[PDB]
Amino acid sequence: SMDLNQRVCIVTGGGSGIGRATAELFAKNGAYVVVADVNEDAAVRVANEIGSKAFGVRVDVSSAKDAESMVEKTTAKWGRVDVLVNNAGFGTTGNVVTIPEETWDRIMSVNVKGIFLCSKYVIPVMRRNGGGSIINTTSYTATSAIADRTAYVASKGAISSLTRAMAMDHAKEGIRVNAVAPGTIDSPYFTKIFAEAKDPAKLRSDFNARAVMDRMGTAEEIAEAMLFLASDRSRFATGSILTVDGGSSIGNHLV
């Protein structure tokens, strides 16, 4: 399939997990891809594996200078931006009592201000190339919370509400804005947890049980939702949350 043929797609967080699998799937679908990641070597590795239709660039999406620079390099190379996937983000454990105020602020700056900054510099370019599609990464936890990840969970509800507002702000400009809400996805964050566990498969079983489907999702499964929303298969979808979560947010199947 060539759903994004010759479309220019920026994927932030593109060095690993969801962003990687999205950058690769978009390129398989004919896109030019900018692989943007806080870790420059990871971004370059993934762009190198994709080949001449990708480049990797180091971006801390919390940094306005990085974000505007990422856009300048993209337009210098391919002259336009058709799709932006805001997938940079992270989480920590703790509650309001135990989360350090610096950690709270870092989470909000990367997960939510990141969208605001990349979109701030991308959207003037889409306005000069007939519009485009922006896709944010929220979480099933935006609506069905979990305990002891409080800053992360707050950041995800910001992303869901911001997605609706942005869709309203930019509809008249031909710019669609939607978000994907993944369930618990096997990712480098989990790879490390498992690599450091005495009992990996048991821990995994615990994560599996968050979903009614009784497993974790994969990066490639989320990339498919990103592709649906980036492509013309979803041209009448804007301000929506597309959930792919194994049924983690639809009711308590453990009672």
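Note that residue numbering follows the sequence shown and begins at 1.
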181-189 set against 135-143, stretch whose average Cα temperature factor tops the other in the entry: 181-189
Of 125-133 and 156-164, the stretch whose C-alpha atoms average the higher B-factor in the entry: 125-133
Just to confirm, going by the entry's C-alpha B-factors, which of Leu227, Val34, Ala211, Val46 comes out highest? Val46
Once the chain's modelled residues are ordered by C-alpha B factor and cut into thirds, is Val85 in the lowest, middle or highest one? lowest
What third of its chain's C-alpha B-factors does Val38 belong to: lowest, middle or highest? middle
Using only modelled residues of the chain, where does the Cα B factor of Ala171 rank: lowest third, middle third or highest third? highest
Which third of the chain does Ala76 land in by C-alpha B-factor: lowest, middle or highest? highest
Is the Cα B-factor recorded for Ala195 in the lowest, middle or highest third of its chain? highest
